[PDB]
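**Student:** Got a structure for you, written out below as C-alpha cells; questions coming shortly.
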Amino acid sequence: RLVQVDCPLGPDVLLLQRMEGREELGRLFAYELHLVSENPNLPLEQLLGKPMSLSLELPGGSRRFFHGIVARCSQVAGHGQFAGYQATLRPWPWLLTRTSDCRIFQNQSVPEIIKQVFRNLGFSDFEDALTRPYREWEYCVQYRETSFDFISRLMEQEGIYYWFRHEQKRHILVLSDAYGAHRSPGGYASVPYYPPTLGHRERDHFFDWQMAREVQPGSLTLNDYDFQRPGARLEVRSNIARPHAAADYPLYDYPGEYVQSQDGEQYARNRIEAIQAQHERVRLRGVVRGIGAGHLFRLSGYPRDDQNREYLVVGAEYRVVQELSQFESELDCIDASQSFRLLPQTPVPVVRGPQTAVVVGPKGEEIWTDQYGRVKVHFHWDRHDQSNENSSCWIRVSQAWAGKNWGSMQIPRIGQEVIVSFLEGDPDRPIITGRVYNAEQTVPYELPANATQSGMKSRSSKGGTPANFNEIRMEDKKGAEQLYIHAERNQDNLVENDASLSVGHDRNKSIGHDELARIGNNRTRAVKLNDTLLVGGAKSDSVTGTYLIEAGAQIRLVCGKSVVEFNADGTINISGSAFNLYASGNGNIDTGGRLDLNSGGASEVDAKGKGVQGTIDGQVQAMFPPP
Amino acid sequence: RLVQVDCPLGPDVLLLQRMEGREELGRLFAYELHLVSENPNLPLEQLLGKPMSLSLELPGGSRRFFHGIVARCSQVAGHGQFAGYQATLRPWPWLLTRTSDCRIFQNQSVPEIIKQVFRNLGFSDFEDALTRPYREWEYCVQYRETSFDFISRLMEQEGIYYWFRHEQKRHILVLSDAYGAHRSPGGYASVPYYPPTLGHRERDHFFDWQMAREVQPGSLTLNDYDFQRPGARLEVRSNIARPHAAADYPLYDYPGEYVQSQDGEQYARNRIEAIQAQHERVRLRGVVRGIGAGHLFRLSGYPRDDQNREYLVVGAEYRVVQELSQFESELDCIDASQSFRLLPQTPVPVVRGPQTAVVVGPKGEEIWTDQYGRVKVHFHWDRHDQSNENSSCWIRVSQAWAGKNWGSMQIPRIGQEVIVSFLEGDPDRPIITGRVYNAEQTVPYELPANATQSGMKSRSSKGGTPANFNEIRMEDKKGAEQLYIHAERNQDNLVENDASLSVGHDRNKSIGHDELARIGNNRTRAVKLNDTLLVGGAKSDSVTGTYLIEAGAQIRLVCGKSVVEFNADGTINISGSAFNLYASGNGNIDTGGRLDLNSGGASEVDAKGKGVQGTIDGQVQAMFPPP
Amino acid sequence: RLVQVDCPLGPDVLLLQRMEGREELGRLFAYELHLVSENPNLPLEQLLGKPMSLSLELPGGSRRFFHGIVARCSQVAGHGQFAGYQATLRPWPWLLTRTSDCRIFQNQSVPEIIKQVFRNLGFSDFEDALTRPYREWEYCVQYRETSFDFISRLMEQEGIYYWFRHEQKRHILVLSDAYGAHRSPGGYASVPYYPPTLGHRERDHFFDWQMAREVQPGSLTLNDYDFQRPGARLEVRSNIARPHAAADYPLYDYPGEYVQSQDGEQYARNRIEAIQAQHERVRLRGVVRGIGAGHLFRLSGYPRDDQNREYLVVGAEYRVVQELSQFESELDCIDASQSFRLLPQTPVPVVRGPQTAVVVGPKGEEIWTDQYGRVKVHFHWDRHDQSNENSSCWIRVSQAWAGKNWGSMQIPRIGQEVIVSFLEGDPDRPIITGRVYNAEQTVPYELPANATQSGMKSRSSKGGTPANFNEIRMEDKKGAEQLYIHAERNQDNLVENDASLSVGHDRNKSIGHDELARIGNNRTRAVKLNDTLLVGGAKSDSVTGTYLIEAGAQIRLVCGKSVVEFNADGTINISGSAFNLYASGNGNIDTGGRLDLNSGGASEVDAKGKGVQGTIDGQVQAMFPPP
C-alpha cells in the first residue's frame with residue numbers, strides 16, 4: 001500500500017506524501033519529509049528538534065527506518081484531506097554545530113578526543129567501528145570552531161568516515177575506517193539491472209548507470225620539522241599511477257603535521273586514497289529500497305560484467321511518492337572491497353594574529369621550564385584549563401640571541417603575560433614572541449617620569465622581593481645621565497687578560513669590610529698632589545728587599561714626642577724625652593765642623609701637634625663617620 | 001491606468017514594461033526594471049548613475065515612490081514603437097561600494113562616525129530613527145575596505161539597521177534600531193488577506209502565506225581581557241528559551257571587543273536578537289502596492305486567525321507587468337511584537353602579519369609614553385593623520401622582560417620604525433611587537449664590518465647626540481675580545497656583599513681628579529715584585545696605632561743630603577750637613593767596642609740623587625705626562 | 001558537412017555527436033565532446049589525459065582545428081554503432097593545476113619564471129608573443145599552490161595574459177599582452193549581422209546582440225614603503241572617467257606591493273583598466289564558424305550603426321551536433337579598440353603566521369650580513385634548494401632598540417634557528433622576529449637547572465670555541481645572587497665623571513702582572529683598622545713635597561739588626577751592631593739630664609723576628625702561594 005510514518009505522536013498521525021532521502025559516507029544524512037496530517041495546524045515546534053522515524057517497506061517486507069532529528073520544519077497549504085508538514089531530518093551531529101569552543105587537548109587519540117566530546121555532549125548513539133589504530137595527539141586544540149567542525153577535521157585527517165544506523169527510536173553515528181564495518185541490505189544483498197528500455201520489473205532493480213574517469217596528480221610529498229631532532233628529514237611521499245596518460249604531477253606540503261615519516265605516509269595515504277576514490281565513479285538509479293550508503297551489494301544484469309559486482313555505497317538518495325508507494329533510489333559508489341577516505345576539506349581555524357597568555361607551571365614553581373626553555377602557559381581564552389603546567393604543552397620562546405649554547409637567556413617566569421603566536425597560524429604550534437608589562441607586571445623605572453631610564457632590574461628566585469634584585473640602569477636624562485650597577489650580593493669580574501679603568505673626575509671608593517689586593521708582578525702608582533693615608537688601627541709595611549723613602553723638602557717623623565726632621569740639606573733633627581744609641585761593636589760620630597755635647601747645642605724638636613692618637617682618630621672617624 | 005514613471009530623460013518617455021524589486025532592512029535595495037520608450041536610442045549614460053523614481057499608481061491615485069540610482073543599464077531588444085531598456089536601481093549607500101580607504105577613527109560613536117561618513121559623502125538623505133545611545137569607539141579603523149564595508153561592520157557590531165524610504169525625487173536611508181522607526185503606508189494600516197481561491201480582489205490583498213520554523217542555539221557567552229585590570233573578567237552571557245527542542249546549546253567567544261561586560265551584553269543582545277529572529281519566518285504574497293520593507297500593517301483575512309497580526313516587513317519583492325498592468329508583491333516580515341538587530345554577516349579585513357609604524361607624539365617630544373609604557377604611533381596607510389599624538393591610541397609594547405616593578409625594559413622614542421601587529425589580526429586591537437633598524441636608523445656598530453661588536457648603545461635625553469651616550473660594547477672578535485663600558489657621567493658600582501677582580505695580565509687605572517678610599521675594616525695589599533709610589537705634592541701618613549716599617553735587606557731614607565741607611569748587618573749610617581740630637585731627659589750612647597768622636601769613621605752616605613725634588617718631579621710627570 | 005575527429009583510438013572511430021566548445025582570452029578552454037562510437041566499450045582511460053583534435057569544416061572546406069587534452073572521460077549509455085562517450089578537452093596549462101609546491105625566484109622576470117615552469121613540466125606548446133618588458137623580481141615565491149596558480153597569479157599582478165592557438169595536433173599557449181597576437185577569424189575579418197527577425201539567414205552570420213552598461217569607480221591610489229629609502233613616498237594614483245554620472249569614487253591600498261612608483265602606476269592600471277572596461281560589453285550570437293576568442297573582425301548589419309564595429313572576442317560558445325547536423329556560436333566581446341585587461345582574481349596564499357628557518361651564508365662565513373644587518377636564511381619549508389647564501393634574499397631582523405646608529409645589537413650567526421614572519425601575511429615580505437634554541441642550538445645556561453643565571457654567552461669569531469667567549473650572568477638565586485663578567489681578553493671601563501664603588505663586605509683583587517694607577521689630584525685613602533702591605537721585591541716612594549709620617553703609639557724600623565724604636569714619650573732607641581753619625585757641618589748632642597757615653601744605658605733594640613729576609617720572603621710566598 002504505502003510507506004507508513006512510524007513516528008512520534010502516532011504513525012497514522014502523519015502520512016508520507018513524499019520523501020527525499022539523502023545519505024553519504026563521512027557526512028550528515030538529510031531527509032525531506034513531506035508528511036501530511038488530518039491536523040490542519042499541527043504545531044510545528046512540537047517535533048522540531050526532536051527524534052523521529054519512518055518505516056519503509058523494504059525487500060522481504062523488512063522495514064527501513066529513516067530515523068533522525070527534525071532539523072527543520074514547515075506547514076504547507078493543502079486541502080481538507082490533509083495539511084503538509086515538511087521536515088528536514090538530520091542525525092545528531094548537526095547539533096554539534098551549535099556549540100563553539102576554545103579547548104586544549106593534550107596527548108589524546110582521535111577516538112579519545114571525539115568520544116570525549118560526545119561524553120561532554122551526552123551523545124551516546126554512536127559506534128566505534130575503526131579499523132586502523134590511532135596515535136595520541138600530543139597537542140590538539142579546539143579553537144574558534146564548533147565541536148562538529150573540530151571532530152570533522154579530526155575525521156578527515158585520520159581517514160575516518162561515518163555511517164548512521166537507522167533504528168525506530170534512534171540513529172547511530174557509526175564510525176568506520178573501511179568496508180569491513182559495513183553490511184549488505186536485508187533481503188537485497190544483490191540486485192538485477194533492468195535498463196529503462198525494459199520499462200519496469202517488479203524486482204527492485206537498477207536501470208540508470210554512469211561511469212566516468214578523471215585525470216589525477218602523480219604524487220604527494222609532505223614534509224615537516226622537529227626542533228628536537230632538527231637535522232632529521234621528515235619528508236614523505238606517496239606515488240600512485242593511473243591508466244590515464246600523464247599521471248606524473250607531484251604535490252608538495254610543509255608542515256604535514258607529523259613527527260614521524262610513518263605518520264606522514266599514513267596521512268598522505270588517507271588524502272591520496274580520498275583522491276584515488278575519485279578516479280573512477282559508478283552511478284546507478286533504480287527502484288531499489290534496501291540499498292543505502294554504507295551498504296554492500298552485488299549488481300547483476302548490467303551488460304558490463306565488471307559492473308556486475310559488489311559495491312560500497314558512498315552516496316545514496318531515496319524517493320517516495322504516495323497519493324493520499326512509488327519508490328526510487330540512486331547511488332554513487334565504490335567497490336565493496338575499498339576503504340573510504342575523505343579529504344581534509346573541513347576549514348581550519350587560522351590564528352589571525354597574536355594572543356597573550358600567562359606563564360604557568362607547578363603551583364610552587366616560578367621558572368617552569370625544560371632544557372629547551374619551553375614553558376607552559378594559560379591562555380586568556382581557555383575557559384577550561386587548570387592555569388598550571390597542565391593548561392598547555394611546552395612552548396618555545398624567542399630570545400635576543402640564540403645559538404649552540406650561546407646567546408641570551410631570558411627564560412619566562414610564572415605570572416608573566418606573554419605574547420604567543422602560531423607557526424602558520426596553526427593553534428597546535430605556539431611560540432612566545434614577546435612580553436608585555438601591564439598593571440601587575442610594572443616597569444622597573446616608574447613611567448613616564450623615568451622614561452629616560454633604561455636597563456634591567458631582576459628579582460631573586462625563588463621568593464625574592466622587588467627589593468631583592470640585581471640591576472643595571474642607564475639614566476639617559478640629559479645633564480644627569482648615569483650608570484647604576486647593582487649586585488644584590490656578589491660581583492665576580494673576570495678580565496681574562498688586561499684590565500683598564502678611567503675616571504674623568506673624582507673617585508669615591510668604599511668597602512664595608514676587608515679588601516685584598518694582590519699584584520702578580522709589579523705595581524706603580526702616583527698621586528698628582530697630596531697623598532694622605534689614615535689608619536684607624538695599626539700599620540705595617542713589609543718589603544723583602546730595600547725600601548727607599550725618598551722625598552724632596554723635609555721628611556718628617558712624629559710619634560708623640562718622638563720627632564725627627566730630615567731636611568734637604570741634611571740638617572737632621574732628632575729628639576724627644578730620651579735617647580739610646582747603641583752599637584754591639586764600634587761606633588763613630590763625626591762632624592765636618594765642630595762636635596760638642598752637654599753644651600746646650602741640641603734642643604727639643606717640634607712635633608707640630610702631630611703624632612697624637614686622638615687627633616689621628618678624629619681624622620679617621622671623620623673619614624669613616626657613622627651612617 | 002498602468003504604472004507611472006518619473007525620471008531623467010523624461011517621465012512619460014519610459015514605460016515600465018516590468019519590474020522586479022527587492023528591499024531589505026539594514027541592507028541595500030535593488031530594482032530591476034524593463035522600460036520601453038519611443039526613443040529608439042535612449043542614451044543609457046544620461047540616466048546611468050543617476051537618481052530617478054517610479055510613481056506607482058497606489059489607491060486613490062496616490063503614488064508610491066521607488067527612487068534609486070541606476071547602478072546598471074542596457075539597451076535591449078524592443079520595437080520601433082517602444083525600444084526596450086533595462087535598468088538596475090540601487091541606494092546611495094550602495095554607491096559607497098565604489099570607494100575604499102584606510103582611515104582611523106578615535107572616540108566616536110558609531111552613529112557619529114557614520115554620520116561623519118555621510119558628511120564626507122554629502123549623504124544628507126537619511127533619517128536618524130534610533131532610540132538607543134551608542135558607545136564612542138575610542139579607536140576604530142577603516143582599512144583596505146570600502147566605506148560601505150566599514151560602516152556595515154560598525155552597524156552590525158552595534159546591531160544598527162535601517163529602512164530605505166523613497167520620495168519622488170530622492171532616496172532616504174531611514175536609520176533605525178527600533179520598531180517605531182517604521183510605519184504603515186497611507187491606506188495600508190491593515191492589509192487584508194484574500195485567499196487565492198478568490199482569484200483576485202479589488203482590494204490590495206494577500207493570497208499567499210508561509211511560515212517556517214528553525215532550531216536556534218540556547219546560550220551565548222562572550223568575553224574579553226584588560227591588562228590594565230588583568231583580573232577583568234569581562235565574561236557576559238545572553239540566554240534564550242525556544243519552543244523547539246535542543247534550545248540550550250552554548251556558544252563562546254573571546255575577545256568580544258569590549259572593556260565592559262555591559263557593552264558585551266549590548267553586543268550579545270545584538271547577536272542573539274539577530275539569531276532568534278530566525279526561529280520563525282513569515283512570508284506573504286499579494287497584489288499589494290503599498291506595503292514593502294519597513295512598512296507596518298495588520299494582516300486581515302488569513303484563515304489561521306492568529307496570523308492576522310501587525311507585521312513589520314523585513315524585506316519585500318516588488319512586481320510589475322504592464323499592458324502596452326498588474327503590480328504585485330511579496331513580503332518577508334516579522335510580527336509586530338518582534339524586534340530586529342542586524343545580522344553579523346559582513347566580513348572584516350585581517351592583519352595577517354606585521355606592519356610598520358612610527359612612534360609619534362608631541363612634535364617637540366622624544367618620548368611619548370604613559371605609565372604602561374604605551375605610546376601612540378602613526379601608520380603608513382593612514383594617510384588622513386598628521387603623524388602625531390592623534391594618529392592612534394595608547395599602544396602596548398613587547399619588552400625584553402616584563403616583571404612586577406622589575407624586569408628588562410627599553411622605552412620607545414618618537415620617529416622610531418617599529419614592528420606592529422594586532423591582537424588576532426584585529427585592526428581595532430593594536431600592539432607593538434618590536435623594533436627594527438633601517439637606512440636612517442643604522443646599527444650601533446656598522447655592519448657587516450662590526451658583526452663582532454655586540455650589546456647596546458644608548459643616547460642622552462633630550463639632546464642625545466652621537467657623543468652623549470652610555471654603552472655596553474662586547475667584542476667577540478677572535479683574538480681581540482673585549483668588554484667595554486661607557487658611562488658619559490657618573491658610575492655607581494654597588495656590590496651588596498662581596499666583590500672580586502681577576503686580571504690575567506696588567507691593570508691600569510686613571511682618575512681625573514682625586515681618590516677616596518675607605519676601607520670599612522682592614523686592608524691588605526701586596527705586590528709580588530716591586531712597588532713604586534710617586535707623589536706630585538706632599539705625602540701624609542697618619543697611623544693611629546703602631547706603625548712598623550720593615551725591610552728584609554735595607555731601609556733607606558733620602559731627602560737631599562739627608563741620608564739614612566739601615567743595613568741588615570746592624571750598621572746604621574746617618575748623614576747630613578748637621579745634626580741636633582736631644583733628650584728632654586737623659587741619654588746614652590754606648591758601644592760594645594770603642595766609641596770615638598771626630599774619628600773619621602763616620603762620613604756622608606751616598607744619596608744616589610734621591611730626594612732631589614726635581615728628579616722626583618721627573619718621575620711624577622712621567623706618571624702624569626701631558627695632556 | 002561537419003566537424004571531423006582526429007584522435008587517439010582512431011580519428012573516425014569517434015563521432016562528434018555533440019560538442020560544447022568554450023573559449024576565452026586569459027582563460028583555459030573547455031570543449032566537451034559528446035561522441036558516439038562504433039566501439040561499444042571504448043576505453044575511457046585511453047582518451048583520458050591525452051591530446052585530441054577536431055577539424056571543423058569552414059567555408060571553402062577549411063578546417064578549423066581544435067586541440068586539447070581530456071581531463072575527464074565517461075562512458076555514456078548508448079548503442080552499438082553509436083555508443084556514447086564524453087570527453088573534457090582542456091588546454092595544456094590545465095595540467096599545471098595537477099602539481100603544487102613552493103619555490104623562490106630571485107631576480108627573475110615573470111616571462112622567465114613562466115618559461116622555467118614550462119621547462120620543468122616540458123610545456124613547450126606555447127608562444128611568447130608578449131610585448132611589454134617585465135620587472136626582474138628580486139624575490140617571488142611559490143607557496144602552497146599549484147604551478148598553474150602561481151604563474152597565473154604572477155601574470156595577473158603584472159598585467160600579463162595568455163591566449164591560445166588550436167593547431168591540428170597541438171594546442172599553443174600564445175602568451176601575449178598586446179592585440180598584435182590576435183588574428184582575423186580565418187577569413188571572417190568582417191561578419192555580417194542579420195537580425196533574427198529576418199529569419200535565419202542561410203549563411204554564417206550573427207542573429208543576436210546585447211550591449212550592457214555598468215557604474216564604475218573613478219580613482220585608485222596605492223601606496224607602499226621602503227625602509228632603505230624610508231622617506232619614500234611611493235604612493236601612486238591612476239584615474240578614470242565614464243559617460244555615466246560622475247565616475248569619481250576613490251580607492252586606497254597600502255602596501256600596494258611595489259618599490260617603484262612607476263610599477264605601482266602600472267599595477268593600478270592592471271586593476272583599473274579592466275574596471276574601466278567593465279563599464280560596457282557586448283554579447284553576440286550567430287552560427288559563425290570561423291570566429292572565436294582572440295579574433296578581430298567587423299560586425300556588419302546590426303541596425304544600430306554603433307555596433308557595426310570591429311570586435312575582439314573575449315570568450316565564446318560553440319555547439320556542434322551531428323547526424324549519422326547543426327552548428328551555432330555565441331560570444332562575449334569588446335570593441336577591438338578596447339584594451340583587454342586581466343584582473344587579479346587568483347587568490348594569494350597567505351602566510352598565516354611565523355615560519356622557522358636557519359641562518360645561512362657562504363661556507364667561509366660564520367656571519368652573513370650587509371649594511372642593514374640583513375641576512376640570508378634557508379627555510380625549513382624550503383625543500384627545493386641547497387641551503388646557501390642564495391636560499392633567500394636579504395631579510396631584516398628585530399632588535400631591542402633601533403636608533404640612528406645606536407641601540408641594541410645582537411648578531412645572528414649561520415646555523416641559528418630563527419623565527420620568520422611576513423608583513424601582513426605577504427610571502428614576499430619576510431622578517432626575522434626572534435632567535436630560538438633547539439636540540440642543536442642549546443641554551444647557554446642549563447634549564448631549568450641553571451635558569452638562575454640570567455644573561456648571555458657568546459663565541460669568539462671567527463673560530464671561537466666554547467672556551468673562547470665573552471659572557472655575562474646574573475644569579476637571581478635567592479640567597480646566592482651574583483653578577484659576573486667575563487672578558488675573554490681585556491676590559492675597558494670608561495667613566496667620564498665620578499666613579500664610585502661600594503662593596504658591602506669583602507673584596508679581592510688579583511692582578512696577573514703589573515698594575516699601574518694614577519690620581520689626577522690628591523688622594524685620601526684610609527682604613528678603619530689595620531693596613532698591611534707586602535712587597536716581594538723592593539719598594540720605593542718618591543714624594544716630591546714634604547713627606548710627613550705620623551703615627552701614634554710607636555714607630556718601628558726593622559732591618560736585620562738595624563732596629564729603631566720611636567716611642568710616643570719621645571724615647572728614641574737606635575741600635576744594632578754599629579753606627580756612623582755624620583755632620584758635613586756641625587753636630588750637637590744634648591740632654592736635659594746626664595749624657596753619658598759608653599755608659600751601658602744603651603742597648604740593641606729587639607727586631608721582633610722581623611727584617612729577616614728569608615722569613616719575610618716566606619710571608620710573601622704565603623701571600624702569593626703556588627697553584
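Each chain in the C-alpha cells gets a letter, A, B, ..., in the order shown, and its residues are numbered from 1; ligands are numbered from 1 in order too.
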According to DSSP computed on the backbone, where in segment 214-369 of chain B is there helix (DSSP H, G or I)? Give the residues as a list in words.
**Tutor:**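 After running DSSP on the backbone, segment 214-369 of chain B has helix (DSSP H, G or I) at residues 261, 262, 263, 264, 265, 266, 267, 268, 269, 270, 271, 272, 273, 274, 275, 276, 305, 306 and 307 of chain B.
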**Student:** What parts of segment 530-575 of chain B does DSSP call strand (DSSP E)? I'd like the answer as a PDB file with N, CA and C atoms, in the first residue's frame.
**Tutor:**
ATOM      1  N   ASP B 531     107.105  47.686  44.188  1.00  0.00           N
ATOM      2  CA  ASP B 531     106.050  48.684  44.310  1.00  0.00           C
ATOM      3  C   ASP B 531     106.621  50.088  44.382  1.00  0.00           C
ATOM      4  N   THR B 532     106.315  50.878  43.360  1.00  0.00           N
ATOM      5  CA  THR B 532     106.765  52.253  43.294  1.00  0.00           C
ATOM      6  C   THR B 532     105.608  53.216  43.446  1.00  0.00           C
ATOM      7  N   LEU B 533     105.789  54.205  44.300  1.00  0.00           N
ATOM      8  CA  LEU B 533     104.771  55.210  44.519  1.00  0.00           C
ATOM      9  C   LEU B 533     105.349  56.595  44.419  1.00  0.00           C
ATOM     10  N   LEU B 534     104.710  57.446  43.632  1.00  0.00           N
ATOM     11  CA  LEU B 534     105.218  58.787  43.434  1.00  0.00           C
ATOM     12  C   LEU B 534     104.183  59.793  43.917  1.00  0.00           C
ATOM     13  N   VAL B 535     104.619  60.913  44.467  1.00  0.00           N
ATOM     14  CA  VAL B 535     103.648  61.910  44.895  1.00  0.00           C
ATOM     15  C   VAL B 535     104.017  63.278  44.343  1.00  0.00           C
ATOM     16  N   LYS B 539     103.151  64.018  51.017  1.00  0.00           N
ATOM     17  CA  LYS B 539     102.552  62.776  51.441  1.00  0.00           C
ATOM     18  C   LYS B 539     102.390  62.822  52.939  1.00  0.00           C
ATOM     19  N   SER B 540     101.264  62.315  53.413  1.00  0.00           N
ATOM     20  CA  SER B 540     100.958  62.373  54.826  1.00  0.00           C
ATOM     21  C   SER B 540     100.398  61.074  55.344  1.00  0.00           C
ATOM     22  N   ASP B 541     101.236  60.349  56.061  1.00  0.00           N
ATOM     23  CA  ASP B 541     100.823  59.103  56.659  1.00  0.00           C
ATOM     24  C   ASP B 541     100.285  59.434  58.026  1.00  0.00           C
ATOM     25  N   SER B 542      99.176  58.831  58.422  1.00  0.00           N
ATOM     26  CA  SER B 542      98.624  59.095  59.747  1.00  0.00           C
ATOM     27  C   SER B 542      98.059  57.824  60.350  1.00  0.00           C
ATOM     28  N   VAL B 543      98.880  57.142  61.143  1.00  0.00           N
ATOM     29  CA  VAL B 543      98.512  55.860  61.718  1.00  0.00           C
ATOM     30  C   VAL B 543      98.161  55.953  63.182  1.00  0.00           C
ATOM     31  N   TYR B 547     103.137  51.968  63.926  1.00  0.00           N
ATOM     32  CA  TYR B 547     103.484  51.951  62.528  1.00  0.00           C
ATOM     33  C   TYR B 547     104.850  51.326  62.366  1.00  0.00           C
ATOM     34  N   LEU B 548     104.867  50.074  61.936  1.00  0.00           N
ATOM     35  CA  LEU B 548     106.108  49.375  61.728  1.00  0.00           C
ATOM     36  C   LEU B 548     106.462  49.285  60.264  1.00  0.00           C
ATOM     37  N   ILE B 549     107.703  49.630  59.975  1.00  0.00           N
ATOM     38  CA  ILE B 549     108.266  49.557  58.646  1.00  0.00           C
ATOM     39  C   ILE B 549     109.426  48.597  58.633  1.00  0.00           C
ATOM     40  N   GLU B 550     109.281  47.539  57.866  1.00  0.00           N
ATOM     41  CA  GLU B 550     110.306  46.531  57.766  1.00  0.00           C
ATOM     42  C   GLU B 550     110.829  46.322  56.365  1.00  0.00           C
ATOM     43  N   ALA B 551     112.143  46.154  56.280  1.00  0.00           N
ATOM     44  CA  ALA B 551     112.801  45.860  55.026  1.00  0.00           C
ATOM     45  C   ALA B 551     113.783  44.731  55.269  1.00  0.00           C
ATOM     46  N   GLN B 554     117.214  46.273  53.334  1.00  0.00           N
ATOM     47  CA  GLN B 554     117.684  47.603  53.726  1.00  0.00           C
ATOM     48  C   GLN B 554     116.615  48.664  53.840  1.00  0.00           C
ATOM     49  N   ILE B 555     116.682  49.459  54.896  1.00  0.00           N
ATOM     50  CA  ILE B 555     115.773  50.591  54.977  1.00  0.00           C
ATOM     51  C   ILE B 555     116.575  51.817  54.620  1.00  0.00           C
ATOM     52  N   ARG B 556     116.151  52.516  53.592  1.00  0.00           N
ATOM     53  CA  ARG B 556     116.881  53.694  53.193  1.00  0.00           C
ATOM     54  C   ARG B 556     116.012  54.910  53.164  1.00  0.00           C
ATOM     55  N   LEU B 557     116.551  56.019  53.619  1.00  0.00           N
ATOM     56  CA  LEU B 557     115.834  57.265  53.564  1.00  0.00           C
ATOM     57  C   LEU B 557     116.682  58.321  52.959  1.00  0.00           C
ATOM     58  N   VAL B 558     116.159  58.995  51.952  1.00  0.00           N
ATOM     59  CA  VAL B 558     116.935  60.066  51.395  1.00  0.00           C
ATOM     60  C   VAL B 558     116.104  61.299  51.094  1.00  0.00           C
ATOM     61  N   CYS B 559     116.560  62.413  51.629  1.00  0.00           N
ATOM     62  CA  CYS B 559     115.972  63.698  51.370  1.00  0.00           C
ATOM     63  C   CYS B 559     117.121  64.640  51.087  1.00  0.00           C
ATOM     64  N   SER B 562     120.134  64.528  53.361  1.00  0.00           N
ATOM     65  CA  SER B 562     119.738  63.719  54.492  1.00  0.00           C
ATOM     66  C   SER B 562     119.679  62.278  54.075  1.00  0.00           C
ATOM     67  N   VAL B 563     120.630  61.478  54.533  1.00  0.00           N
ATOM     68  CA  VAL B 563     120.653  60.086  54.125  1.00  0.00           C
ATOM     69  C   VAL B 563     120.732  59.143  55.291  1.00  0.00           C
ATOM     70  N   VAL B 564     119.809  58.206  55.342  1.00  0.00           N
ATOM     71  CA  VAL B 564     119.851  57.233  56.397  1.00  0.00           C
ATOM     72  C   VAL B 564     119.872  55.845  55.812  1.00  0.00           C
ATOM     73  N   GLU B 565     120.812  55.051  56.279  1.00  0.00           N
ATOM     74  CA  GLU B 565     120.985  53.713  55.787  1.00  0.00           C
ATOM     75  C   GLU B 565     120.922  52.682  56.900  1.00  0.00           C
ATOM     76  N   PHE B 566     119.927  51.812  56.832  1.00  0.00           N
ATOM     77  CA  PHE B 566     119.805  50.747  57.801  1.00  0.00           C
ATOM     78  C   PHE B 566     120.182  49.453  57.165  1.00  0.00           C
ATOM     79  N   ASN B 567     121.384  49.006  57.458  1.00  0.00           N
ATOM     80  CA  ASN B 567     121.864  47.775  56.901  1.00  0.00           C
ATOM     81  C   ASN B 567     121.431  46.630  57.768  1.00  0.00           C
ATOM     82  N   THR B 571     124.392  47.842  60.951  1.00  0.00           N
ATOM     83  CA  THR B 571     125.074  49.102  60.804  1.00  0.00           C
ATOM     84  C   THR B 571     124.097  50.184  60.414  1.00  0.00           C
ATOM     85  N   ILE B 572     124.065  51.235  61.214  1.00  0.00           N
ATOM     86  CA  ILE B 572     123.179  52.343  60.956  1.00  0.00           C
ATOM     87  C   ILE B 572     123.979  53.572  60.609  1.00  0.00           C
ATOM     88  N   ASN B 573     123.873  53.986  59.361  1.00  0.00           N
ATOM     89  CA  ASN B 573     124.618  55.129  58.899  1.00  0.00           C
ATOM     90  C   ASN B 573     123.703  56.316  58.696  1.00  0.00           C
ATOM     91  N   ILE B 574     124.045  57.431  59.314  1.00  0.00           N
ATOM     92  CA  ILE B 574     123.231  58.627  59.197  1.00  0.00           C
ATOM     93  C   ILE B 574     124.071  59.804  58.794  1.00  0.00           C
ATOM     94  N   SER B 575     123.714  60.423  57.683  1.00  0.00           N
ATOM     95  CA  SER B 575     124.500  61.519  57.177  1.00  0.00           C
ATOM     96  C   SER B 575     123.682  62.747  56.823  1.00  0.00           C
TER      97      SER B 575
END
**Student:** Distance atom CA of residue 108 of chain B-atom CA of residue 142 of chain B, one decimal place?
**Tutor:**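 Computed distance, atom CA of residue 108 of chain B to atom CA of residue 142 of chain B, equals 13.1 Å.
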**Student:** Please indicate the distance in Å from atom CA of residue 358 of chain C to atom CA of residue 426 of chain A, rounded to one decimal place.
**Tutor:**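 For atom CA of residue 358 of chain C relative to atom CA of residue 426 of chain A, the distance reads 20.4 Å.
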**Student:** Which neighbours of segment 12-26 of chain A fall inside 6 Å, counting only C-alpha atoms, when residues of the same chain fewer than 3 positions from it are skipped, and could you give them as JSON, numbers by chain?
**Tutor:** {"A": [5, 29, 30, 31, 32, 33, 34, 35, 36, 37, 161, 162, 163, 293, 314, 315, 316, 317, 318, 319, 320, 321, 322]}
**Student:** Might you pull out every residue within 9 Å of residue 390 of chain A, with only C-alpha atoms counted and same-chain residues fewer than 6 positions away left off, and present them as a PDB file with N, CA and C atoms, in the first residue's frame?
**Tutor:**
ATOM      1  N   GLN A 106      45.533  17.295  25.024  1.00  0.00           N
ATOM      2  CA  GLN A 106      46.972  17.041  25.154  1.00  0.00           C
ATOM      3  C   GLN A 106      47.355  15.576  25.223  1.00  0.00           C
ATOM      4  N   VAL A 360      52.613  29.754  33.162  1.00  0.00           N
ATOM      5  CA  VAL A 360      52.262  28.912  34.290  1.00  0.00           C
ATOM      6  C   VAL A 360      53.156  27.690  34.400  1.00  0.00           C
ATOM      7  N   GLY A 361      52.869  26.891  35.403  1.00  0.00           N
ATOM      8  CA  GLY A 361      53.621  25.703  35.705  1.00  0.00           C
ATOM      9  C   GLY A 361      53.094  25.189  37.012  1.00  0.00           C
ATOM     10  N   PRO A 362      53.876  24.396  37.726  1.00  0.00           N
ATOM     11  CA  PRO A 362      53.596  23.860  39.034  1.00  0.00           C
ATOM     12  C   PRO A 362      53.305  25.037  39.938  1.00  0.00           C
ATOM     13  N   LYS A 376      54.968  26.375  30.048  1.00  0.00           N
ATOM     14  CA  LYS A 376      53.541  26.149  29.922  1.00  0.00           C
ATOM     15  C   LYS A 376      52.839  27.480  30.102  1.00  0.00           C
ATOM     16  N   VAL A 377      51.728  27.701  29.408  1.00  0.00           N
ATOM     17  CA  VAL A 377      51.001  28.955  29.589  1.00  0.00           C
ATOM     18  C   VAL A 377      49.512  28.717  29.761  1.00  0.00           C
TER      19      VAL A 377
END
**Student:** May I have the residues within 8 Å of residue 291 of chain B as a short mmCIF file (atom, residue, chain, number, x, y, z; two decimals) with C-alpha atoms, in the first residue's frame, using only C-alpha atoms and disregarding those fewer than 2 positions away in the same chain?
**Tutor:**
data_model
loop_
_atom_site.label_atom_id
_atom_site.label_comp_id
_atom_site.auth_asym_id
_atom_site.auth_seq_id
_atom_site.Cartn_x
_atom_site.Cartn_y
_atom_site.Cartn_z
CA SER B 184 2.22 51.88 7.57
CA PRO B 185 1.65 53.47 4.13
CA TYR B 188 -2.13 50.16 4.25
CA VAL B 288 -0.25 44.87 -2.63
CA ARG B 289 1.17 48.16 -3.92
CA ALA B 293 10.23 46.81 3.52
CA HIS B 295 6.22 49.04 6.50
CA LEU B 296 3.68 48.14 9.05
CA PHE B 297 0.30 46.59 8.64
CA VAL B 313 8.36 43.91 6.76
#
